[PDB]
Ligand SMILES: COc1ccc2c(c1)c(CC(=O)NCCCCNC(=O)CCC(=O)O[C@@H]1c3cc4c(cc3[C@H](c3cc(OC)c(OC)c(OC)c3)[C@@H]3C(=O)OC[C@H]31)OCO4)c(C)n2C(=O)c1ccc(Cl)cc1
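Form solved without the ligand, single chain, as structure tokens, below.
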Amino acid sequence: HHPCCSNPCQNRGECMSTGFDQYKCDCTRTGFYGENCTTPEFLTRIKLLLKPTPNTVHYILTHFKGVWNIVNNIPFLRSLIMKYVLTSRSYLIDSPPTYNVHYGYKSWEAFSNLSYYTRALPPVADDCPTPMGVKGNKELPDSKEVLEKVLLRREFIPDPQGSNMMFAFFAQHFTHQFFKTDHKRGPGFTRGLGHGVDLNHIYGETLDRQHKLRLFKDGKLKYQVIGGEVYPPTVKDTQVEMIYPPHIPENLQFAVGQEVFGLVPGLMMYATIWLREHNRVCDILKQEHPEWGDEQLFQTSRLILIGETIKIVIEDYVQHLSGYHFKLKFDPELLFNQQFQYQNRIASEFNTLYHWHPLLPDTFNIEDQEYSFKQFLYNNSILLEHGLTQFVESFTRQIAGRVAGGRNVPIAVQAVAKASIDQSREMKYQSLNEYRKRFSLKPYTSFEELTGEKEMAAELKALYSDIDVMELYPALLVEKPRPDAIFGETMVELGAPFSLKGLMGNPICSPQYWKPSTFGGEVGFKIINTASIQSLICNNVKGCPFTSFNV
């Protein structure tokens, strides 16, 4: 079998076979040396001594409210802290990217072929004696067994951070521009070749699709007016392919950038809001620039909406998720005197960690109605009959599920949860502890340490035998959450680097793009820099219902 199967190289050292039954580690720039890169250099010893734990840092950021109140009002100090948040996270990500499902060694194919998700860790070699390498049993536990014992929801567990349905649908809508798995090729492949925040879920992935969606007047996107309200156009009008089962009426077959958004009225709600927003920005640019043509109004509006998206994601969405008293800031200038790569490649493991199926409630509560999953799916009538104002008011009030802490995946989506496990194995993911070490975390030394409790730990012990062959995805869902938090440590420590990298590593954040002229002048630039989840809803939804990501 492959000599690297045991994952011998530590501290980001690279393993390479040297003959049939021997390996060598490449310890270059790890700060360690020795056979398995485990002997620290002197400066490294000091760094290890002078480095606070993630849980310590989390404590500091979620206490001392009065101190952070001061910090948040000293522009210089807010800037300094945000600068450190961004730099320390982003260095954990390989950029330019390296491995993929087919390449456990660096190759031009892995670098150049955009159809692949990239990989934060190389796949387990095909000939390893056990699924994870050398440890554990010859077979991993039945995925159905893992799912039923520790993942599936008994009673609904609400998120203690107060995340709502506006938050849950924003997460799904936003992430589905860059998680777009190419099922015809396999779970290791994507159809989001832009690999980031390009808003293809509004504008279409291909030029062909964009052009069928565009009005070609005033920069705008095609739309319908129904009972005085602006909605997306139809599949019949535009000839834009959408996924609708055969029974949905033609009138209610809305066509948007992302072909799956008809699946859920909560996604169609955000699709409608963002369509209205593009067209609103076109109206504003048109009065700033009566001389501009349709193409420049369209392109400049797209750049503004990209900027709004990143702004909202950092200062509302990630702000809410974090639980910090520190006020995060979207400010590209923070990186202009730093080393940083303005590029991104979407990791398979980032897609996997974002399978937040426990967020979903048992029913979708709008106005006086409670819709089951069966009723809610593909049901654009629900959206037309209640309207966007009531959707916003109802979803702002409805609480979402807790993601970590176990037993909170709704049964309605049991097959999707099982697929996450099965597809992880098909893609030959390394174990939870390999991933923790890869992101500078101490491995868990027992199942009780992972879960913070005795019962699930005992089931997992019976299923996996060894903590070192525990799988990443189910671990994220059973992990001990932070105090009164939606997530545990592993989720935050892997998710944050991927997240901030893909947000700041957009070309609009680069020095050549981050200028008022890129966005049509000072008015366009101000739209980006003052954007919020509340203003997006206020500007585009009748009556300006109040909103946020909590309650």
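Heads up: residue numbers just count along the shown sequence, starting at 1.
One more form of this protein exists, namely the form deposited with the ligand bound; it is left out here, but the text below deals with it.
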### Query
Would 85, 318 and 491 all count as contacting the ligand in the bound PDB entry, using a 4.5 Å heavy atom cut-off?
yes
### Listed residue that, although the ligand is not shown, lies within 4.5 Å of it in the bound PDB entry (heavy atoms), from 342, 292, 354, 244
354
### Summary
The one option of 29, 47, 65, 515 with any heavy atom within 4.5 Å of the ligand in the bound PDB entry is 47
### Task
With heavy atoms only and a cut-off of 4.5 Å, decide whether residue 526 touches the ligand in the bound PDB entry.
no
### Residue contact check: residue 89 to the ligand in the bound PDB entry, 4.5 Å heavy atom
yes
### Message
Is residue 520 near the ligand? Define near as a heavy atom within 4.5 Å, in the bound PDB entry.
### Response
no
### Query
Hey, in the bound PDB entry, does residue 105 get a heavy atom within 4.5 angstroms of the ligand?
no
